[PDB]
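Undergrad: Next up is a structure, given as structure tokens.
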Amino acid sequence: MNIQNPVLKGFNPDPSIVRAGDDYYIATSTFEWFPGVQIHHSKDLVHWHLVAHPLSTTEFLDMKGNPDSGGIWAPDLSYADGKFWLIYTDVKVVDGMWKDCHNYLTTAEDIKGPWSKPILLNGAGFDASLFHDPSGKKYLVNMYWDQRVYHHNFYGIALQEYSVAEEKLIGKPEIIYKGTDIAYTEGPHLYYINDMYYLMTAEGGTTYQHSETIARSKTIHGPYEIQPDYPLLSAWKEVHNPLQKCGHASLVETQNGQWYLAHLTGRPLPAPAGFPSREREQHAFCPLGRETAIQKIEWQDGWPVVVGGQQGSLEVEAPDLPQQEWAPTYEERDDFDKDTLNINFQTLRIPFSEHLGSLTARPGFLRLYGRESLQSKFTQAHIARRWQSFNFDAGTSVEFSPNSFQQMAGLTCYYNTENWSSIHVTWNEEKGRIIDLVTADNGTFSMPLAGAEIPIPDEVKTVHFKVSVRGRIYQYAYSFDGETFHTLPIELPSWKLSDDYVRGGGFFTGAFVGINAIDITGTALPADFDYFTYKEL
Amino acid sequence: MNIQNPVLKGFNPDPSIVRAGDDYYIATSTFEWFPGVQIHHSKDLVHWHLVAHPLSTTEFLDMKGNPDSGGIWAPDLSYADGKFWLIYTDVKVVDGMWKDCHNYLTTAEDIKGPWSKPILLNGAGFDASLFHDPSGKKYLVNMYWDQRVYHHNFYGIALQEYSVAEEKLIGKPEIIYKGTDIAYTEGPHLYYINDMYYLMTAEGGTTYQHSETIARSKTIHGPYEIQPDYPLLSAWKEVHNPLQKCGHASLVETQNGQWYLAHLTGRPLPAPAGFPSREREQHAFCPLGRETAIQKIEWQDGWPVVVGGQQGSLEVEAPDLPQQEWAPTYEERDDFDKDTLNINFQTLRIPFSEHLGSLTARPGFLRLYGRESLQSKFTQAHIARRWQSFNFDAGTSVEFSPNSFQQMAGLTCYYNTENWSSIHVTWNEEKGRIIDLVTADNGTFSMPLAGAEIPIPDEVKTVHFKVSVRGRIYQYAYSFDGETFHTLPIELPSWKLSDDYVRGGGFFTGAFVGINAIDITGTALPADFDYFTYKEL
Amino acid sequence: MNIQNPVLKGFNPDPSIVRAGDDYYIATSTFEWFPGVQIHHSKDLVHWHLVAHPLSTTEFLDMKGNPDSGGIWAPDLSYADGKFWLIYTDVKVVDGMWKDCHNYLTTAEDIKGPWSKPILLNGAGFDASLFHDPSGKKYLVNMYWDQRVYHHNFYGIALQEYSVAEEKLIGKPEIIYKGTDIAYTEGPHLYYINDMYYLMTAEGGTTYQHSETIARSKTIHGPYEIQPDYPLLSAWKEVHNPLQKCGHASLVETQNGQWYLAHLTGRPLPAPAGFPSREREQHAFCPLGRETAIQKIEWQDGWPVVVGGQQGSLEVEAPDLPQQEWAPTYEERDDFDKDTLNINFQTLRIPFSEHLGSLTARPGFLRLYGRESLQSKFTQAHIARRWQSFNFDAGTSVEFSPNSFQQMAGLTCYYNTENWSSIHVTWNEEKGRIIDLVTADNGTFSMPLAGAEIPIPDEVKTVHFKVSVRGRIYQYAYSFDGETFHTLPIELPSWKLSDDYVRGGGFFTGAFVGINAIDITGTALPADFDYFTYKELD
């Protein structure tokens, strides 16, 4: 099998690929979703499986209150001196003149941990990356933020030596590279190749204008000469290319000296028929967020070249390595008969804990305790998993006995705290327990079934919910028996749960489907979920 | 001397007044400012002094990440059974369909503490208040929030008995009162007077439409009969009344049976000449936020009436009590000679700690360590005090050695994370150390000195900054000798640092003047402030 | 000398080029500016001069009340059967689901007229163009507008035969072409070349995404085969190309059989240093509006190709024709000694008439009578000329005796009714006659000199105003003696008087510099302007 892009589907941006012996890993950014930094593994670049999230406690990552699309930005995973080194960034401010953040280092002998107590490095910019010089010294590169309002904020790439002995950057920031005219110069990575230093950067911003370029210097301090044919990677000029937004790359060499380039990409939904093809920014919506692809690299005259052209291809020649497939990391129907929440589920900002729910209180069920609303950046009893196809069915069943409109529990399709939809069991003064629907659309909240809420008979303990996502549209359905489903008479827009639709400075995640319980009263009412199903068509 | 309103000037909303023997206390809301809940004391209702902030550690109040104008909403302070009882509310969501919050109880035998570990009560609505029934039973009243988008959110007033035996609310919420047509029914307080129950509420919203109404019932569960001449208190119909936004009241009886009413009020700046007087919502700006006034109450046919009329008066007849003046709680010039930061200074969201600064590192100075920007809802090294007059001069001096535009330290005028101005010592590539000016205006950032920044001579170690606030306008000045000041030629709008200007759901604080240090790089550069001056004119 | 683009500088969009014998003409769109349809002439394609505006009276063109960037959209000028044929379009609605408009035909034996009584053709879409088939039949092509809110509005290109005898379109519209994926298919023109029909269209919209593509068919009805290498013309992929927004073209063949392509283009001001180069839509502002350039065309396998690449070049090989430079059509200083207003001045919407001003009431001056404000879409006493360089000085002097703040007269820099600046003589209660300054910025009005207005001494009869435009910035100055000028300490943004900055659906003109008189009172207070200067750095 050749590489079939994207190799990491759905929300999986800013890939940092590393080879450790015969093992390959990719770290991707997770933003407000917890635990932080997804790590996938492969031995062939073709077959991947989700294996770890190093940022697993509040001592690594304390995100309560973080803005949507704050938290963990691009991570940097390397391997040297018998361990993995992970640089991660917690971003606290995502819009306006500043981008307040903090870069940390944690290390581990095994990808699954334990990871060391974080060392706080700096905050001069995001996209910090650690480089292991052949000398044995260590260097951090990061972008350097210029807040001054008359300037572009991306002032270039700073370099500083990291002292392992002192556990701190020494000296002071040195700007080694300013980028090209395309600007938004970020995602720096250094490589020592051909007895030279190569500095690779993302440029243009993570939109349709995204790109990657490389430059080289005899010494680490520069000046760096920019590759003549820049960019290395960009789909900006090819509006019909299956992979869009191609940038934020990392380079890997295989054990036999072949070269590959991991990068992020978006795959927009088709626009309506006849709409102008150059208007991606108006009509091209990516509900699967930014995904990870891998391109093949060839070298010419000491410069790398993306095989098949700079735009990036779907099908890429696999490396000459024995192939190894992986067991699935989830089941189409998760019956919640294990004590460990599946690795494909995340919570918002904070750890899953007994405060939010339990797999042991009622074995064979996930019990969620109703907590704060869908709007809250603090304590949501809400678990979710990524949309990873444009066409899937997902569903659940819930037992819930609300006594007020203050309590609701059900199925969610969720992007951020003001972009979501929810079908749920709640309560009405005249109908008692009811099924209702609420939507949030860039902060406009709607209740389209108002006055047509579905009464739930007292004899119906368990209500089943279903979402059917079919490209641009999705619909919700419910059942009182598990066999016959009734679709709510509304077509919801999948394209609104996308990086390209949501407002604000931070648009960096992707659509999720999940289950939640809300109890504003404070009574922690329990919602018991028998299963969670996710089936791609 | 008579009461001269407002008795608590500048940002001091939602007053909860209580008598404990011969002592009177008012608790006011503090939102994101730390430590939480201001408490002022008096023996005569005329003279007041700031004496305490009970919510002094993160065990009491954990607000990092809280939205602007979230955090501590209206407090309720009562006295019974030999102790003070403080109900307080941490609000986590301040806009949209929900208002996620948590109400807590803490108690103390002395106003200064120690206060007992908080007890979490509920989250069904804000404005929780504890009532001490003459039976010995205790009851909590709060507003009840209805999120449903086709309804008004203020569903009425809920009642539950509070078990002192089990430290919980008993049973389930019971809605005892729905309010009047004026709605936004909040700030409930119960009183037992004339062998029956009085339920007093704020209505209309804390804008120019604000009011207070009272209702009465033979039993605590109602129904309550609304006073005939409602509202009790409102300046809505009197566009030239010196006190505006009159509502959110609490009722006190003196040792000898006289009745008074504390309430919040806003005092707008004069509009430009000739502007339409009924257009308060367009042209009436309150930089001093919501302040606390006291009116006198008389009783007629078992209903209270505000002496002088429902609009509320500036001068009010003092109670027949011996008068007692207090020492000021600040000095016009604070030379940073004491080991504790002045009680009139607050930090944003988090405690003052050695992370933020030190009075001991360099005796005679406040040293602030540069931390996150003025935009950050997390960790600002920024201390500030309320504007408490429309006319004042404030100032400081600072020693700071920035090496990058990433570091700045100086004087601030601040409302929220997107509404502020800052005059500061920073660095420029061509000019070296400079004085610069940045403003934030509902999220639009400007740099009006761009290109005209003031170079600071290497021999000038200390730069003095002053702000001169004159009603609608303020200006910044600087000095290199502490004597001769040069005014930057820009007139800044005081009216934009006001409840009435700022955008968003939360508009509940007031203007502050302060000092800060920012260091985005991460090096915690120290800024040494020799003094802080605040002089009302 | 070679062609040096743009050949028509400043606001000069939607060029329709035609050859009539040895003479070349280009008609360009004028929108709300009157008289309508600029026509420039050349005999070598290198040197151009402004010679006519056919739509010279309200019988041709009645635009009072029209929206900003309504009025005259792309024109089509052809020559056949011993006359010029001009198709023109008066657009009444420029934003929302409809684009109500009317296409007309007028003809003339000489470019300067007289022009024939207009014939109303249709309204099915804008960009109507007349094709003279070798059979002798005439055909109209236009875009066809689809208002339905879930569709792209540009439904394709409609064709109908025009009956010269009956002065109407016959039959019904037939959609002959739907365009490419790039869409916004408009500006259709047909050509009979290689014994077949070539349909050329603009696509992508008149922004940085603009382009032109050609297609060909054995019969006029299609189907049309799109050129393999489409687009023919577009600078979309080349963010540093001097010519941007390249599209809305027309093709001409010279008397020696060479081929050239007139098209519109915008030339953005430089963005601030360090700004992202792909962000033209955020940072690239064109105060000169859309200008006209000419590319050279070569043919390969029956398809045209733009010499030097699809992006369009600044320097283009001139045709093999004798060259003739033209006398200038204005002088650096116009002393208003002539009894007709220079051809480079236009009025808004309505004809210049005695209601607005006079060159004879006070010989040696232009007298403007104070009429409606700078916001009015009806009756402004305001004459203006295009910015045609990024660097120029312009100026005037005025005598004006206002008795109220209701009256003001002076110098303007003007884009549309909510995007302008004005330095003027007006009146204040305490200061008397003053110089003041008002700006309009997408409907936000400001008065930066408030409280610092410049008193005009009673002795001073004449106030001189100057504007100095320097790329991204312009500044105003005044003088009370015509020698010593004082510059107001404000740097105004040239980039805000641009197609790229203004809000709304119509963004199709360019910056002008002018002179005006306003009298809200109703008293028609006269403002006497002695001169109007315009000098470029070039």
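Every chain in the structure tokens has a letter given in the order shown (A, B, ...), and although residue numbers restart at 1 in each chain, ligands are simply numbered from 1 in the order shown.
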Name the residues in contact with residue 498 of chain A at a cut-off of 9 Å, using only C-alpha atoms, excluding same-chain residues fewer than 4 positions from it; report them as an mmCIF file with C-alpha atoms, in the first residue's frame.

TA:
```
data_model
loop_
_atom_site.group_PDB
_atom_site.id
_atom_site.type_symbol
_atom_site.label_atom_id
_atom_site.label_comp_id
_atom_site.auth_asym_id
_atom_site.auth_seq_id
_atom_site.Cartn_x
_atom_site.Cartn_y
_atom_site.Cartn_z
ATOM 1 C CA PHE A 285 -15.228 24.845 4.615
ATOM 2 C CA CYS A 286 -13.166 22.197 6.434
ATOM 3 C CA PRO A 287 -15.155 20.473 9.208
ATOM 4 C CA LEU A 288 -12.368 17.908 9.612
ATOM 5 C CA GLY A 289 -10.041 20.776 10.487
ATOM 6 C CA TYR A 415 -16.490 23.002 17.400
ATOM 7 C CA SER A 494 -21.764 20.675 8.652
ATOM 8 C CA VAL A 502 -15.973 30.230 13.123
ATOM 9 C CA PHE A 507 -9.809 28.693 14.382
ATOM 10 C CA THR A 509 -9.376 22.629 15.803
ATOM 11 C CA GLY A 510 -12.160 20.807 13.949
ATOM 12 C CA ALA A 511 -15.577 19.236 14.432
#
```

Undergrad: Distance cut-off 10 Å, counting only C-alpha atoms - which residues of chain B neighbour chain A? Return them as a ChimeraX atom specification.

TA: /B:63-67,92-103,120-125,144-150,172-173,371-379,403-406,418,438,440,443-447,450,519-524

Undergrad: Got a sec: who's within 8 Å of residue 292 of chain C, counting only C-alpha atoms, leaving out chain neighbours fewer than 3 positions off, as a short mmCIF file (atom, residue, chain, number, x, y, z; two decimals) with N, CA, C and O atoms, in the first residue's frame?

TA:
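Contents of part30.cif, freshly written:
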```cif
data_model
loop_
_atom_site.label_atom_id
_atom_site.label_comp_id
_atom_site.auth_asym_id
_atom_site.auth_seq_id
_atom_site.Cartn_x
_atom_site.Cartn_y
_atom_site.Cartn_z
N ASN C 5 2.49 50.44 -20.01
CA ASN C 5 1.23 50.30 -19.30
C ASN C 5 1.27 50.91 -17.91
O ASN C 5 2.32 50.97 -17.29
N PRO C 6 0.11 51.34 -17.43
CA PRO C 6 -1.15 51.46 -18.16
C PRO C 6 -1.12 52.59 -19.16
O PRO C 6 -0.50 53.62 -18.90
N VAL C 7 -1.78 52.38 -20.27
CA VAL C 7 -1.88 53.45 -21.27
C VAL C 7 -2.91 54.49 -20.95
O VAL C 7 -2.75 55.63 -21.34
N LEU C 8 -3.98 54.09 -20.26
CA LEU C 8 -4.96 55.05 -19.76
C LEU C 8 -4.86 54.98 -18.25
O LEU C 8 -5.19 53.97 -17.65
N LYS C 9 -4.37 56.05 -17.65
CA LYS C 9 -4.07 56.08 -16.23
C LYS C 9 -5.19 56.65 -15.41
O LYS C 9 -6.08 57.36 -15.90
N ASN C 12 -10.27 54.29 -15.37
CA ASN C 12 -10.43 54.05 -16.78
C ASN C 12 -10.65 52.57 -17.01
O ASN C 12 -9.83 51.90 -17.61
N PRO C 13 -11.76 52.01 -16.48
CA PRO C 13 -11.95 50.56 -16.47
C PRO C 13 -12.60 50.04 -17.72
O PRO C 13 -13.11 50.78 -18.56
N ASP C 14 -12.71 48.71 -17.80
CA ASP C 14 -13.54 48.03 -18.76
C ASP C 14 -13.28 48.49 -20.20
O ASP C 14 -14.21 48.89 -20.89
N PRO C 15 -12.02 48.47 -20.65
CA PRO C 15 -11.75 49.03 -21.96
C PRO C 15 -12.33 48.25 -23.09
O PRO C 15 -12.12 47.03 -23.19
N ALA C 262 -6.57 44.95 -25.08
CA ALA C 262 -6.79 45.97 -24.04
C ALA C 262 -7.46 45.29 -22.85
O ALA C 262 -8.29 44.41 -23.03
N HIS C 263 -7.09 45.66 -21.64
CA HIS C 263 -7.69 45.09 -20.45
C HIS C 263 -7.57 46.08 -19.31
O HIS C 263 -6.75 47.01 -19.33
N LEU C 264 -8.38 45.90 -18.26
CA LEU C 264 -8.24 46.69 -17.06
C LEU C 264 -7.19 46.08 -16.12
O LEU C 264 -6.85 44.88 -16.19
N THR C 265 -6.69 46.92 -15.25
CA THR C 265 -5.68 46.52 -14.26
C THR C 265 -5.70 47.50 -13.10
O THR C 265 -6.06 48.64 -13.27
#
```

Undergrad: Report as a ChimeraX atom specification the set of chain A residues whose atoms approach chain C to within 7 Å, with distances computed over only C-alpha atoms.

TA: /A:152,181-184,204,209,237,274-278

Undergrad: In terms of the shortest atom-to-atom distance over only C-alpha atoms, which of A:357, A:504, A:266, A:448 is closest to residue 491 of chain A?

TA: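 Nearest candidate to residue 491 of chain A out of A:357, A:504, A:266, A:448: A:448.
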
Undergrad: Mind giving me the straight-line distance from atom CA of residue 395 of chain B to atom CA of residue 292 of chain B in Å, one decimal?

TA: 26.4 Å

Undergrad: Which is closest to residue 11 of chain A among A:389, A:484, A:407, A:468, if we use only C-alpha atoms?

TA: A:389

Undergrad: Please provide the set of residues having any atom within 10 Å of residue 31 of chain B, restricted to only C-alpha atoms, with same-chain residues fewer than 5 positions apart removed, written as a ChimeraX atom specification.

TA: /B:13,36-37,63,66-74,89-91,348-349,506,508-509

Undergrad: Would you put the residues from that selection into a file with N, CA, C and O atoms, as a tab-separated table (two decimals), in the first residue's frame?

TA:
```tsv
chain	number	residue	atom	x	y	z
B	13	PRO	N	-20.13	48.13	43.58
B	13	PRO	CA	-21.53	47.86	43.24
B	13	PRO	C	-22.19	46.90	44.22
B	13	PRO	O	-21.53	46.32	45.07
B	36	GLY	N	-11.13	39.25	46.78
B	36	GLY	CA	-12.56	39.43	46.47
B	36	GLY	C	-13.40	39.84	47.67
B	36	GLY	O	-13.13	39.49	48.84
B	37	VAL	N	-14.48	40.54	47.32
B	37	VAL	CA	-15.49	41.13	48.18
B	37	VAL	C	-14.89	42.27	49.02
B	37	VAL	O	-14.28	42.05	50.04
B	63	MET	N	-9.81	32.53	40.08
B	63	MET	CA	-10.34	33.28	38.94
B	63	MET	C	-9.41	33.40	37.74
B	63	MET	O	-9.75	34.10	36.79
B	66	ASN	N	-10.92	33.71	34.22
B	66	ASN	CA	-12.28	34.18	34.23
B	66	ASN	C	-12.49	35.27	33.22
B	66	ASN	O	-11.62	36.13	33.02
B	67	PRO	N	-13.70	35.35	32.62
B	67	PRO	CA	-13.97	36.44	31.70
B	67	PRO	C	-13.94	37.79	32.43
B	67	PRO	O	-14.19	37.88	33.63
B	68	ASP	N	-13.69	38.85	31.69
B	68	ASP	CA	-13.91	40.19	32.19
B	68	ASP	C	-15.33	40.36	32.67
B	68	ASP	O	-16.27	39.96	32.00
B	69	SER	N	-15.48	40.90	33.88
B	69	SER	CA	-16.77	41.10	34.54
B	69	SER	C	-17.47	39.77	34.89
B	69	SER	O	-18.64	39.76	35.21
B	70	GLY	N	-16.68	38.69	34.91
B	70	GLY	CA	-17.07	37.49	35.62
B	70	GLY	C	-16.57	37.54	37.06
B	70	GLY	O	-16.33	38.62	37.59
B	71	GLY	N	-16.30	36.38	37.65
B	71	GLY	CA	-15.88	36.39	39.03
B	71	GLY	C	-16.95	36.84	40.00
B	71	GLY	O	-18.10	36.40	39.86
B	72	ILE	N	-16.56	37.64	40.99
B	72	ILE	CA	-17.43	37.92	42.12
B	72	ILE	C	-18.54	38.90	41.75
B	72	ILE	O	-18.31	40.07	41.54
B	73	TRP	N	-19.74	38.38	41.63
B	73	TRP	CA	-20.94	39.17	41.42
B	73	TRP	C	-21.50	39.63	42.78
B	73	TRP	O	-20.75	39.73	43.76
B	74	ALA	N	-22.75	40.03	42.85
B	74	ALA	CA	-23.26	40.61	44.09
B	74	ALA	C	-23.03	39.70	45.28
B	74	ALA	O	-23.42	38.52	45.21
B	89	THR	N	-20.47	34.59	44.86
B	89	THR	CA	-20.75	33.93	43.59
B	89	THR	C	-19.60	34.14	42.62
B	89	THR	O	-19.17	35.27	42.40
B	90	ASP	N	-19.05	33.04	42.11
B	90	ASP	CA	-18.03	33.04	41.05
B	90	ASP	C	-18.71	32.74	39.73
B	90	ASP	O	-19.24	31.64	39.55
B	91	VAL	N	-18.80	33.75	38.87
B	91	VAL	CA	-19.45	33.64	37.58
B	91	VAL	C	-18.40	33.35	36.49
B	91	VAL	O	-17.40	34.06	36.32
B	348	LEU	N	-5.36	41.60	39.24
B	348	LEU	CA	-6.34	40.95	38.40
B	348	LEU	C	-6.33	39.45	38.61
B	348	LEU	O	-5.31	38.77	38.38
B	349	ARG	N	-7.44	38.92	39.13
B	349	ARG	CA	-7.81	37.52	39.15
B	349	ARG	C	-7.07	36.65	40.17
B	349	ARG	O	-7.73	35.77	40.78
B	506	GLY	N	-20.32	41.64	29.89
B	506	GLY	CA	-19.92	42.00	31.22
B	506	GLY	C	-19.34	43.39	31.29
B	506	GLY	O	-18.34	43.70	30.66
B	508	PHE	N	-19.29	45.61	34.36
B	508	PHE	CA	-19.69	45.67	35.77
B	508	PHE	C	-18.69	46.19	36.76
B	508	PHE	O	-18.90	46.16	37.95
B	509	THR	N	-17.60	46.72	36.25
B	509	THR	CA	-16.52	47.20	37.11
B	509	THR	C	-16.39	48.73	37.17
B	509	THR	O	-17.20	49.38	37.86
```

Undergrad: Pick out the residues sitting within 7 Å of residue 503 of chain B, and hand them over as a ChimeraX atom specification; count only C-alpha atoms, and ignore anything fewer than 2 positions along from it in its own chain.

TA: /B:442,501,505

Undergrad: Store the residues picked out above in a file with C-alpha atoms, as a PDB file, in the first residue's frame.

TA:
```pdb
ATOM      1  CA  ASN B 442     -13.042  47.595  22.497  1.00  0.00           C
ATOM      2  CA  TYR B 501     -18.816  52.101  26.584  1.00  0.00           C
ATOM      3  CA  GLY B 505     -21.821  40.855  28.197  1.00  0.00           C
TER       4      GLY B 505
END
```

Undergrad: Assign secondary structure with DSSP using the backbone only, and return the residues of segment 83-267 of chain A in strand (DSSP E or B) as number ranges by chain.

TA: A: 83-91, 101-108, 119-122, 129-132, 138-145, 154-163, 168-169, 174-177, 186-193, 196-203, 211-217, 225-226, 233, 244-253, 259-266

Undergrad: Any chance you could export the current selection's C-alpha atoms as an mmCIF file, in the first residue's frame?

TA:
```
data_model
loop_
_atom_site.group_PDB
_atom_site.id
_atom_site.type_symbol
_atom_site.label_atom_id
_atom_site.label_comp_id
_atom_site.auth_asym_id
_atom_site.auth_seq_id
_atom_site.Cartn_x
_atom_site.Cartn_y
_atom_site.Cartn_z
ATOM 1 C CA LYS A 83 14.997 9.923 25.214
ATOM 2 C CA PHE A 84 12.144 11.787 23.618
ATOM 3 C CA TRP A 85 12.049 15.522 24.026
ATOM 4 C CA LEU A 86 8.706 17.316 23.701
ATOM 5 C CA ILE A 87 8.412 21.061 23.392
ATOM 6 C CA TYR A 88 4.861 22.306 23.900
ATOM 7 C CA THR A 89 3.186 25.670 24.148
ATOM 8 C CA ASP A 90 0.202 26.836 26.216
ATOM 9 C CA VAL A 91 -1.257 29.877 24.507
ATOM 10 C CA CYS A 101 2.128 31.981 25.632
ATOM 11 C CA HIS A 102 4.601 29.719 27.430
ATOM 12 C CA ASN A 103 6.916 27.089 25.950
ATOM 13 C CA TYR A 104 7.819 24.015 28.029
ATOM 14 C CA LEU A 105 10.145 21.049 27.723
ATOM 15 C CA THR A 106 9.294 17.520 28.986
ATOM 16 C CA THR A 107 11.177 14.320 28.257
ATOM 17 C CA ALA A 108 10.566 10.573 28.428
ATOM 18 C CA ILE A 119 10.628 23.042 32.433
ATOM 19 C CA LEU A 120 9.353 26.500 31.478
ATOM 20 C CA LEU A 121 11.549 27.823 28.679
ATOM 21 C CA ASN A 122 10.324 31.180 27.438
ATOM 22 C CA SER A 129 11.386 23.518 18.521
ATOM 23 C CA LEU A 130 14.477 21.816 19.986
ATOM 24 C CA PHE A 131 17.502 21.052 17.822
ATOM 25 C CA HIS A 132 20.187 18.573 18.823
ATOM 26 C CA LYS A 138 20.986 21.931 22.322
ATOM 27 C CA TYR A 139 19.231 24.923 20.698
ATOM 28 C CA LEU A 140 15.680 26.252 20.778
ATOM 29 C CA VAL A 141 14.180 28.057 17.836
ATOM 30 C CA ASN A 142 10.839 29.833 18.005
ATOM 31 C CA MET A 143 9.054 32.583 16.171
ATOM 32 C CA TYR A 144 9.509 35.964 17.792
ATOM 33 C CA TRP A 145 6.365 38.062 18.347
ATOM 34 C CA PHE A 154 5.995 37.721 12.849
ATOM 35 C CA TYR A 155 9.438 39.293 13.418
ATOM 36 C CA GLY A 156 11.313 36.159 12.361
ATOM 37 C CA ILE A 157 12.940 33.164 13.970
ATOM 38 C CA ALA A 158 14.910 33.490 17.273
ATOM 39 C CA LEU A 159 17.692 31.112 18.307
ATOM 40 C CA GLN A 160 19.040 30.453 21.772
ATOM 41 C CA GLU A 161 21.171 27.726 23.280
ATOM 42 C CA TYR A 162 19.341 25.504 25.836
ATOM 43 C CA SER A 163 21.546 24.411 28.748
ATOM 44 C CA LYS A 168 17.259 27.067 30.935
ATOM 45 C CA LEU A 169 17.946 29.054 27.797
ATOM 46 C CA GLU A 174 19.246 36.043 18.389
ATOM 47 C CA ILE A 175 17.109 36.643 15.285
ATOM 48 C CA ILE A 176 18.698 34.368 12.705
ATOM 49 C CA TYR A 177 16.112 34.594 9.913
ATOM 50 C CA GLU A 186 6.597 30.313 11.937
ATOM 51 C CA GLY A 187 7.018 26.593 12.571
ATOM 52 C CA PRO A 188 10.871 26.749 12.564
ATOM 53 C CA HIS A 189 12.825 23.510 12.518
ATOM 54 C CA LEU A 190 16.568 23.039 12.181
ATOM 55 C CA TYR A 191 18.304 20.105 10.515
ATOM 56 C CA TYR A 192 21.977 19.284 10.040
ATOM 57 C CA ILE A 193 22.259 17.778 6.569
ATOM 58 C CA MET A 196 25.086 22.421 6.661
ATOM 59 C CA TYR A 197 22.240 23.860 8.727
ATOM 60 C CA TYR A 198 18.783 23.862 7.132
ATOM 61 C CA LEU A 199 16.059 26.056 8.607
ATOM 62 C CA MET A 200 12.548 25.113 7.474
ATOM 63 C CA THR A 201 9.599 27.366 8.235
ATOM 64 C CA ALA A 202 5.883 27.626 7.620
ATOM 65 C CA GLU A 203 4.711 30.811 5.954
ATOM 66 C CA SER A 211 3.231 27.254 2.568
ATOM 67 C CA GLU A 212 6.585 25.864 3.734
ATOM 68 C CA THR A 213 10.061 27.089 2.673
ATOM 69 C CA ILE A 214 13.586 25.988 3.488
ATOM 70 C CA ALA A 215 16.856 27.877 3.781
ATOM 71 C CA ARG A 216 20.452 26.852 4.506
ATOM 72 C CA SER A 217 23.592 28.132 6.168
ATOM 73 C CA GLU A 225 20.093 31.470 1.925
ATOM 74 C CA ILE A 226 16.475 30.846 0.883
ATOM 75 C CA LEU A 233 5.214 23.219 -0.302
ATOM 76 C CA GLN A 244 -5.246 22.526 0.641
ATOM 77 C CA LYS A 245 -3.545 24.739 3.283
ATOM 78 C CA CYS A 246 -0.320 22.741 2.861
ATOM 79 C CA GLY A 247 2.308 23.905 5.371
ATOM 80 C CA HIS A 248 3.632 23.533 8.877
ATOM 81 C CA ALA A 249 5.913 20.740 7.945
ATOM 82 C CA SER A 250 8.618 18.556 9.482
ATOM 83 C CA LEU A 251 11.230 16.474 7.671
ATOM 84 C CA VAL A 252 12.237 12.868 8.435
ATOM 85 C CA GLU A 253 14.957 10.622 7.028
ATOM 86 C CA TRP A 259 13.216 11.585 2.882
ATOM 87 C CA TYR A 260 9.597 12.393 3.731
ATOM 88 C CA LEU A 261 7.734 15.546 4.763
ATOM 89 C CA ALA A 262 4.844 15.529 7.209
ATOM 90 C CA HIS A 263 2.586 18.595 6.926
ATOM 91 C CA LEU A 264 -0.860 19.838 7.766
ATOM 92 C CA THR A 265 -3.607 20.151 5.176
ATOM 93 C CA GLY A 266 -7.301 20.977 4.954
#
```

Undergrad: Would you list the contacts of segment 317-324 of chain C as a ChimeraX atom specification, taking every protein, DNA or RNA residue within 6 Å and counting only C-alpha atoms, but skipping same-chain residues closer than 5 positions in sequence?

TA: /C:2-3,44

Undergrad: If you run DSSP on the backbone here, which positions in segment 133-293 of chain A get alpha helix (DSSP H)? Please write them as an MDAnalysis selection string.

TA: chainID A and resid 280:283

Undergrad: Atom CA of residue 518 of chain B and atom CA of residue 482 of chain B are how many Å apart?

TA: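 About the pair atom CA of residue 518 of chain B and atom CA of residue 482 of chain B: they are 23.4 Å apart.
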